[PDB]
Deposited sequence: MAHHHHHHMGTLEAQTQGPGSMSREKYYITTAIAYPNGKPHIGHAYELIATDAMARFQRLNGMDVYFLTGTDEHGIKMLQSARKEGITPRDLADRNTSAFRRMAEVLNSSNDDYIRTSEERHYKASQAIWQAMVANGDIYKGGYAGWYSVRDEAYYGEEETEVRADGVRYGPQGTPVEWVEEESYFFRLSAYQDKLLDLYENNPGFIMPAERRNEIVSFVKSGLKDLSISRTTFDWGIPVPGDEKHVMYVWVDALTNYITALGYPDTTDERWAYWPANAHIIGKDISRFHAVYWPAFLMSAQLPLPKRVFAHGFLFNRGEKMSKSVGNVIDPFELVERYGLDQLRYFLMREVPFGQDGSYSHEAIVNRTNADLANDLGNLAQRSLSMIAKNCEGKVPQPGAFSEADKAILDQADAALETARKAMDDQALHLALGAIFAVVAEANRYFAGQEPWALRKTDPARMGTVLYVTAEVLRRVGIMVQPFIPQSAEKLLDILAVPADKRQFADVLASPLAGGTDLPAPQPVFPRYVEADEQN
């Protein structure tokens, strides 16, 4: 009955969808699905971040309006979510009116808390470095020109701007990191954030005057909101903010923001400060994943390797939170061994033995031997290990525990030699076949959030009713003898 709210970072649709976008959607989709099967009421959100000057100039470059350009490009990110079999319950675009109103509400709420003032962004700026510097990092040379520490000229620049009093929240954020050690993860991000905040926080510019493609500042519409309040507010726009009576508002606070490593500071410093200012509770965890390197277009990978092969490799091979690598032979070999061979072929060998030798019915199992109990108890244990792993977003440890059972089951099945038992002891052959099919059922229920369509097909050839596929069914709904099984077909074909 318990509510669970999980989000992805909204993607910037200035170019095409890339692997990093698909990686974050897949990882967050698997976490969302995991909690649904674990019995939770899940709301899972993703979307697009469409405002800004770079978007306005690209619309200018193509001869169309910014809103028109946003509609065109987000359509490909909306297509990517569908191709990846994402279970997101909503899709937020910052160009939508509900976000416009949500952003203006949270802005006013921060004005009402005393945290927003109008000022100036004046300082030394190097066009060559694209960076700002304090006066002390500079020196005027024999040129008569002033130079920054990198050896390039700096110029004095001055812009009008609204600010958020970020300096007022330095101590409250450190209190947050002390009272909730799991607020920013993994541990390396946590230490980055703590060291940054502990060194002193300056007030934060949150408005621009150089473009109208954005959300107008209430009461000064020559100014528009910068990315900070715009993008981050998407998390509460999707719940109906500012209408706190919306049925969806009970989902706040978010249980988990899944983000990339590069935007850690925006979600772990700016976002909680905005919320504290606006009198709102804080999300329970922000988790940052790493970056993927080809050691490439997401649509192409899916067509070449298959969706569930790609989902598996990305979540099994990179410890979630770290940088990782992908390559053709690695995807092929890792998916051939685990999916096509270990999982897929174990099902085919065992279940076609049931079709030919047990008349297409789940055999009636006799007494369980010591080996029978070990593989069954290991399968039950993998659920508990997977649960504890997913609580920490350790997706690879969850898949590792599940596929350690698959590998042990192959050794169990080969060690029982049920083909030899067909003549010596048909009743024993049945029990071994029952054990193997029963382990496949528990594994099949458990891999549903990581490879949903493939897991669905596996549970389909085990004749598992659609209402017996929650995680609670691992322990409570074992296969019943005498049940009719459809003719088995391979679930994981080998790569060509």
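Handout entry: Sequence ranges absent from the coordinates, based on the deposited chain and numbered from 1
Key = Unmodelled stretches: 1 to 23, 319 to 329, 531 to 536.
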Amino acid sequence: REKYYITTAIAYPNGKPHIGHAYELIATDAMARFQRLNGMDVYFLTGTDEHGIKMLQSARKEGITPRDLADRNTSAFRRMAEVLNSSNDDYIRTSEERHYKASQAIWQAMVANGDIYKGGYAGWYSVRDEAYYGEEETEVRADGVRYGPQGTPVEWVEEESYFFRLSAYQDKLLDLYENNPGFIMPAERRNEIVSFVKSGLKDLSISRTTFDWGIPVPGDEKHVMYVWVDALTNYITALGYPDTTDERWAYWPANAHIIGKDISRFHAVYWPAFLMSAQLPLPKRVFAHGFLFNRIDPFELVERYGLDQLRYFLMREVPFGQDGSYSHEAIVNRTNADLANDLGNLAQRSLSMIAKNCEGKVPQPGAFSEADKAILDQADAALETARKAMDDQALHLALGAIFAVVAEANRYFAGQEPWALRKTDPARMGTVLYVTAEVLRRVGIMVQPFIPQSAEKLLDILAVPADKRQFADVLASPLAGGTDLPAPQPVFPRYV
From here on, numbers count along this sequence of modelled residues.
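Exercise for the section: Name the higher of the two by mean Cα B-factor in the PDB entry, 320 to 328 versus 377 to 385. Expected result: According to the PDB entry, the answer is 320 to 328.
Exercise for the section: Please work out which of 173 to 181 and 265 to 273 has the higher mean CA B-factor as recorded in the PDB entry. Expected result: If you average the C-alpha B-factors of 173 to 181 and of 265 to 273, the larger mean comes out for 173 to 181.
Exercise for the section: Among the candidates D243, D230, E136, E96, give the one with the maximum CA B-factor reported in the record. Expected result: That would be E136.
Exercise for the section: Can you pull the Cα B-factors for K101, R208, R311, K198 from the entry and say which is highest? Expected result: Answer, based on the entry's C-alpha B-factors: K198.
Problem - Chain third (lowest, middle, highest) by recorded CA B-factor, residue given as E408 - result: Middle third, going by the recorded CA B-factors of the chain.
Problem - Third of the chain, ranked by Cα B-factor, where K61 sits - result: Top third by C-alpha B-factor.
Exercise for the section: Ordered by C-alpha B-factor within the chain, which third holds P488? Give me lowest, middle or highest, please. Expected result: Tercile = highest for this residue's CA B-factor.
Practice task
Place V127 in the lowest, middle or highest third of its chain's C-alpha B-factors, as listed in the PDB entry.
Solution key: Highest third.
Problem - Third of the chain, ranked by Cα B-factor, where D68 sits - result: Answer is highest: the recorded C-alpha B-factor places it there.
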